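Visitor: PDB entry and its sequence, pasted below:
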Amino acid sequence: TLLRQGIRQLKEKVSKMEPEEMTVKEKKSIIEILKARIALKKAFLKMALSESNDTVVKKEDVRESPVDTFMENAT
Amino acid sequence: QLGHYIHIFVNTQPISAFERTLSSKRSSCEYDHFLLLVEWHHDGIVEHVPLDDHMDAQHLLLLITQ
Amino acid sequence: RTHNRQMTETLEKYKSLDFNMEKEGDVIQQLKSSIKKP
């Protein structure tokens, strides 16, 4: 989530090969602590896994089939 | 050759991905539960061969060791 | 009389008439109404 924008944003935060780097990059390491605990935000699994969750989807794609059929029996 | 053996039992494979994804109709929430087991041994490995009749006595002794 | 009015009015429903199976046609009801769908 925050990590997703955080990749593209930590991207060009780097400033040349000069010691201009670490003067900001130590605080960036603090940001790395912060994101290290952002990993804790995603510490547990919800629905199983792709594609096993996708298998659940296709399972619904079979489960949708009766739904499109029994109405034909309305009369 | 000097043990070297297979114990035979009963298994379970619960997994939610099939389990509650249906449930309360054509997928019982409980089973509850038991299957089959054949564990190869000696040395350092265990085959988990499929267990399905039709079957003959020779197969586990042979095919596995084949 | 309640069985009369009610079972007769309900004889026609989402199932339509109870004879909607149409005997042999109902052999296709498990397929032509189902498997035929695609």
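Guide: Happy to help now that I have it. Numbering: from 1, shown residues only, chains lettered A, B, ... in the order given.

Visitor: Only C-alpha atoms from now on, for both contacts and neighbour counts.
Guide: OK.

Visitor: Within range of chain B, give me the residues from chain A.
Guide: A:48, A:52, A:53, A:55, A:56 (Cα under 8 Å from any Cα of the partner chain).

Visitor: which of these count as buried?
Guide: A:55, A:56 (16 or more other Cα atoms under 10 Å in any protein chain shown).

Visitor: could I get the residues of chain A next to chain B as CSV with secondary structure and distance to chain C?
Guide: Formatted as CSV, those follow (DSSP: H, G, I helix; E, B strand; the rest coil; distance: Cα to the nearest Cα, whole Å):
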residue, secondary structure, distance to chain C
A:48, coil, 30
A:52, helix, 25
A:53, helix, 24
A:55, helix, 20
A:56, helix, 21
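
Visitor: could the residues of chain A next to chain B go into JSON lines alongside distance to residue C:17?
Guide: Shown next, in JSON lines, are the residues of chain A next to chain B (distance: Cα to Cα, whole Å):
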{"residue": "A:48", "distance to residue C:17": "45"}
{"residue": "A:52", "distance to residue C:17": "43"}
{"residue": "A:53", "distance to residue C:17": "42"}
{"residue": "A:55", "distance to residue C:17": "39"}
{"residue": "A:56", "distance to residue C:17": "37"}
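
Visitor: Residues in contact with the one helix or strand residue B:39 maps to: which ones?
Guide: With elements taken from DSSP states H and E, the one containing residue B:39 is strand B:37-40. Strand B:37-40 is contacted by residues B:5, B:6, B:7, B:8, B:9, B:10, B:11, B:46, B:47, B:48, B:49, B:51 when judged by Cα atoms under 8 Å, 6 or more residues apart in numbering or on different chains.

Visitor: Next, count neighbours for residue C:32.
Guide: 14 (other Cα atoms under 10 Å in any protein chain shown).

Visitor: Can you pull the residues of chain B lying near chain A?
Guide: So chain B meets chain A at B:16, B:17, B:18, B:21 (Cα under 8 Å from any Cα).

Visitor: Emit the ChimeraX select command for whichever of those are buried.
Guide: Filtering the residues of chain B next to chain A down to the buried ones (16+ other Cα under 10 Å) takes a single ChimeraX command:
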select /B:17,21
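
Visitor: if you go through the chain in chain order, where are the helices?
Guide: If you meant another chain, say so; for now it's chain A. For chain A, helices defined by DSSP state H occupy the ranges A:2-11, A:20-38, A:52-67.

Visitor: Wait, chain C was what I had in mind.
Guide: C:2-9.

Visitor: who's sitting farthest from the centroid in it?
Guide: residue C:1 (23.2 Å; Cα atoms, centre = their mean).

Visitor: From the structure, what's the count of residues near residue 6?
Guide: Because you didn't say which chain, this covers chain A. 12.

Visitor: wrong chain, I was asking about chain C
Guide: Neighbours of residue C:6 (other Cα under 10 Å): 10.

Visitor: Thanks a lot, see you next time.
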